[PDB]
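Below is one structure, written out as structure tokens; the observations come after it.
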Ligand code: HEC
Ligand code: HEC
Ligand SMILES: [Zn+2]
Ligand SMILES: [Zn+2]
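Chains as they are written, first to last, in the authors' numbering: chain B, 1 to 136; chain A, 1 to 136.
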């Protein structure tokens, strides 16, 4: 019913990264450097299989500072989490969506059952609602 | 005494990332988005422990493209590798240095036994020649 905080996500597989700079549509609140991490079961789905129950993807979002044309990671702003469970999260296409302020377990950001997250991720219906792709 | 290509490095622990843009003093040759990875032995060293022989750090460098206020990962330009062996790599501080063009095992880049890489990393004598720091 509630998405579990993904303890230990930092030791998971790093899928990819991207920088969202001021002026981008997603600036509020997804601006900054973000890294995507996937647990073992999520890798399964990324590689072409079905996503099994228990698959977790994390969007790890850092602020950054521009210093002499380098962008340097600052503080973590939040994580976004998608947890796969076809039964429990059926209202939102089988993924549960949560945000944790500053990456802390006690700071839950979503107040609408995850419908707002779901509304945009629904555009990737064809890829099981996941935008990120494996790269080497 | 060649550095081994670090097979499977992409499933290692992601330490940190940084973006180096035009203007920054290191644009040539390290411009792009880079990610740092570490195997289990290197984490022992990064944690404040000592570095076991067999510790490997990888600098994975990507070109990026500007897309509407986002920087998006493009193609891999190269990986830099530091491989810990106090006796084998005595001449450059106990770390062997190698570059692989586009991350390819066949594209070895280093021609001078690693002297040029070591000359800059030698600035970090007091952290055992490693610039990166663990973060959360
Ligand atoms: C469009 C308006 C979005 C809304 C609202 C949300 N997300 Fe999102 N998300 C979006 C894109 C374009 C991406 C890909 C970023 C990239 O580097 O390519 C993402 C990514 C995620 C991920 C990583 C997995 C993936 O689908 O690629 C997670 C775990 C994720 N998003 C979670 C999430 C949550 C919990 C949201 C509401 C708080 C949410 N997203 C909103 C686009 C959009
Ligand atoms: C200064 C002119 C440099 C030269 C020449 C080389 N490297 Fe380097 N390296 C440099 C910095 C400032 C950093 C840290 C980047 C960051 O995000 O903090 C690095 C990092 C590495 C790493 C990751 C481990 C670490 O020390 O932080 C590796 C594996 C590494 N560098 C390898 C490497 C090799 C193989 C080189 C010659 C081909 C080389 N470096 C040159 C600065 C400089
Ligand atoms: Zn604009
Ligand atoms: Zn700039």
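We treat Cβ as the ideally placed atom computed from N, Cα and C, and that holds for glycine.
{"Item": "Among 15(B), 4(B) and 5(B), nearest to residue 132(B) - alpha-carbon criterion", "Value": "15(B)"}
{"Item": "Any non-hydrogen atom of ligand 1 within 7 Å of residue 14(B) CB", "Value": "no"}
{"Item": "For residue 42(B), three-class secondary structure by DSSP", "Value": "helix"}
{"Item": "Own chain residues within Cβ distance below 7 Å of residue 77(A), not counting five before or after", "Value": "32, 61, 62, 63 and 102"}
{"Item": "Simplified DSSP state of residue 59(A), which is helix, strand or coil", "Value": "strand"}
{"Item": "Cα-Cα separation, residue 71(B) to residue 116(B)", "Value": "30 Å"}
{"Item": "Status (buried if at least 16 other CB within 10 Å, exposed otherwise) for residue 92(B)", "Value": "buried"}
{"Item": "Cβ-Cβ distance between residue 3(B) and residue 97(B) below 8 Å", "Value": "yes"}
{"Item": "Secondary structure of residue 70(A), DSSP reduced to three states", "Value": "strand"}
{"Item": "Cβ neighbour criterion (16 or more within 10 Å) applied to residue 55(B)", "Value": "buried"}
{"Item": "Residue-level contact to chain A via CB, residue 29(B), 8 Å cutoff", "Value": "no"}
{"Item": "Of the residues 5(B), 26(B), 30(B) and 46(B), the one placed nearest residue 136(B), counting alpha carbons only", "Value": "46(B)"}
{"Item": "7 Å Cβ shell around residue 22(B) - same chain, five flanking residues per side excluded", "Value": "31"}
{"Item": "Under 8 Å between C-beta atoms of residue 59(A) and residue 43(A)", "Value": "no"}
{"Item": "Amino acids of chain B, ordered along the chain, whose beta-carbon sits closer than 8 Å to that of residue 33(A)", "Value": "17 and 19"}
{"Item": "is_contact[residue 63(B), chain A] using C-beta, thresh 8 Å", "Value": "no"}
{"Item": "Residue 98(B) - partner residues in DSSP beta bridges", "Value": "81(B)"}
{"Item": "Terminal residues of the beta strand (DSSP E) in which residue 14(A) lies", "Value": "13–20"}
{"Item": "Contact set between the region 44–76 of chain B and chain A, restricted to residues whose Cβ is under 7 Å from the partner", "Value": "68, 69, 70, 71, 72, 73 and 76"}
{"Item": "Whether residue 11(B) touches residue 35(B) by CB criterion (8 Å)", "Value": "no"}
{"Item": "Unbroken alpha helix (DSSP H) run spanning residue 116(B), endpoints", "Value": "115–121"}
{"Item": "Residue 85(A) at chain B interface by Cβ criterion, 8 Å", "Value": "no"}
{"Item": "Per-residue contacts from residue 105(B) into chain A (C-beta, under 7 Å)", "Value": "The contacting residues do not exist; residue 105(B) stays about 13 Å from chain A at best."}
{"Item": "Straight-line Cα distance separating residue 67(A) from residue 41(A)", "Value": "38 Å"}
{"Item": "Local conformation of residue 4(B) per DSSP, three classes", "Value": "coil"}
{"Item": "Check: residue 64(A) C-beta below 7 Å from any heavy atom of ligand 2", "Value": "no"}
{"Item": "Distance between residue 119(B) and residue 128(B) (C-alpha atoms, nearest Å)", "Value": "13 Å"}
{"Item": "Residue 39(B) burial status per 10 Å Cβ neighbour count (16 or more: buried)", "Value": "buried"}
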